[PDB]
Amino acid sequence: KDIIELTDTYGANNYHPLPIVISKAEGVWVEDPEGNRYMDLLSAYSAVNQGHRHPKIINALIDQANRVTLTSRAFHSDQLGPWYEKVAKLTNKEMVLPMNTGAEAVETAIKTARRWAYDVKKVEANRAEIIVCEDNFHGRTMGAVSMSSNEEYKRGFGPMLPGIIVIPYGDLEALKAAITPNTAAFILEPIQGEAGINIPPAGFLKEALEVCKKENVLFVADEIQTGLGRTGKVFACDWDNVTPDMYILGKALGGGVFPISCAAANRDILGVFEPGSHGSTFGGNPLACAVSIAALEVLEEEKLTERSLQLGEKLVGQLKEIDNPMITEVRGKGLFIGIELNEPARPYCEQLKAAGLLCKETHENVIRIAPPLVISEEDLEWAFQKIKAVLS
């Protein structure tokens, strides 16, 4: 409408979003000022796994906002405790450290990994190393961005943060070689998101962990995108039956209603933080907690993890039928799916918009398919057919 001109007037150009304006949203559907409905196949990059404005989650926001929304970390809220306990049980880890955004939580992992390496592993001072994977995405803060293997995210941002090593994704021998006695941690996505939903070979996560165990290196899993039922299991590590040394959670942790993230690990790792060493102003505020608790209850109570598992499977099977040379591969776990093409994907993304489906290309060749895990069978079937009309 005129919202775009107004945005272009005072708006920093760090983004170049589609000319579409969303003014309403519920479940998997979104609406513009004119009233055109679209189905969300992006799930806000997996933040709205419970659908847009889930009533139980919205009512949580509304209820906590009637009590208190911000107690400085100087004092206790009456929601942080319960939230800790719910996340601690879900991750089967001893302590939980709340932050606001994914990057913050990743940054927290950087700090946690390093001090552990020094205080506990007794690695040479200032000599700690962190293995990361190529084509990863962990955030935009200086610590996180220093990890990217995309020089566009790193161009002219001054001296980057030292002590980072990058290896090919899904490569066990690369990992083995990169490890030195100064290696603090190995941080990777169970499934690389922005990299094109590329799934590592089967059991790799179980093999990667065993390597890190032997070398006394922390195995840190970034599940901000893949965690919480997205991939058909509570965590994407569950596919290889792996319990990582530290979970990093975010996005869907707050149902897309409130930004809340966290690092979860046992007291031998997190315990390295003494009072005053780390934190933030909003991290673990009662509004985020109450909303997160509700978002996690929706997950289990409505069995969205299993709902994702089964429907995701069905759709991948339905998609693998579409006969065309253009389609290099259909891959995915649960409702975390990607379609790779030997052509660019943007044109077909435009064709899908015109039909009422919203999704965004990552890596050009691949089309994202990540609807809310609450999506009905009918709506999923209606979606499959629109995709078939365009890709056939």
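Numbering starts at 1 and follows the sequence shown.
- In this entry, 12 to 20 has the higher mean Cα B-factor, the comparison being between 12 to 20 and 371 to 379.
- Looking at mean Cα B-factors across 35 to 43 and 62 to 70, the upper value is held by 35 to 43.
- Per the deposited coordinates, the residue with the largest Cα temperature factor out of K89, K233, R114, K214 is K214.
- The entry lists C-alpha B-factors for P181, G284, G143, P190, and the highest of these is at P181.
- Remark: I57 belongs to the lowest third of its chain, ranked by C-alpha B-factor as recorded.
- Ranked against the other modelled residues of its chain, the C-alpha B-factor of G27 as given in the entry falls in the lowest third.
- The deposited CA B-factor of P98 belongs to the lowest third of values across its chain.
- Among the modelled residues of its chain, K176 has a C-alpha B-factor that falls in the highest third, as given in the PDB entry.
- Among all modelled residues in its chain, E85 ranks in the lowest third by Cα B-factor.
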